């Protein structure tokens, strides 16, 4: 039920805020590339998007819905459980899901749920739209609150190693 974070050892000494600001810049600052919905076509347990500026990519996990041209137009809503940040996006429905070949960091048990009615005002829309427009600030907001609810000493300014020491993060081989 609690937020769980996995991080490449490369990012051991980084704060979550510094890593997220850097990955957002990596992605760069509308469209879509080499990803999509799993299963799709306009709904998935996964929504995956590659940058048009770099190999940077993310996968949003949960029960997600894109309204397309239906009112409210161009809204991503539903349940957002997880965000996986990295590069070299691969796979699809056929491969049994999307994956990052280089998964740098992932956030699980985000517990976000936005209804269709809130349109592009929905937290899920803002969090994911943020990542796509090189602004990770909404995501940081939600992580920061999730960390504080486990342990009020923890923040987006905790290093990954500090969050591992507090039982919410686990390192993966680099």
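Numbering follows the first chain given and starts at 1. If you superpose the two forms and keep the largest set of C-alpha atoms that fall within 1.5 Å, you have the rigid core.
Quick one: core-superposed, which stretch strays further from the shown model in 7 other deposited structures of this protein, 86 to 94 or 99 to 107? Go by RMS C-alpha distance. Farther on average in 7 other deposited structures of this protein: 86 to 94.
35 to 43 against 122 to 130 - segment lying farther from this form in 7 other deposited structures of this protein (CA RMS, rigid core fit): Comparing 122 to 130 with 35 to 43, the larger C-alpha deviation in 7 other deposited structures of this protein belongs to 35 to 43.
Classify the number of deposited-sequence residues missing from the model between residue 29 and residue 30: none, 1 to 3, 4 to 9, or 10 or more. Gap size class: 4 to 9 residues without coordinates, per the record.
As stated in the PDB record, which stretch has the larger average Cα B-factor, 78 to 86 or 95 to 103? Higher of the two, by average CA B-factor, is 95 to 103.
Test of understanding: from the entry's C-alpha B-factors, which stretch has the higher mean, 30 to 38 or 113 to 121? According to the entry, 30 to 38 carries the higher average C-alpha B-factor.
Considering every modelled residue of the chain and its Cα B-factor in the PDB entry, is residue 130 in the lowest, middle or highest third? Within its chain, residue 130 is a lowest-third residue by C-alpha B-factor, going by the deposited values.
What third of its chain, lowest, middle or highest, does the C-alpha temperature factor of residue 165 fall into? Middle third by C-alpha B-factor.
Sort the modelled residues of this chain by their C-alpha B factor and say whether residue 149 lands in the lowest, middle or highest third. For residue 149, the deposited C-alpha B-factor lands in the highest third.
Third assignment of residue 15 from its chain's C-alpha B-factors: Its C-alpha B-factor belongs to the lowest third of this chain's values.
Compared with the other modelled residues in the chain, in which third is the CA B-factor of residue 45? According to the entry, residue 45 has a C-alpha B-factor in the chain's middle third.
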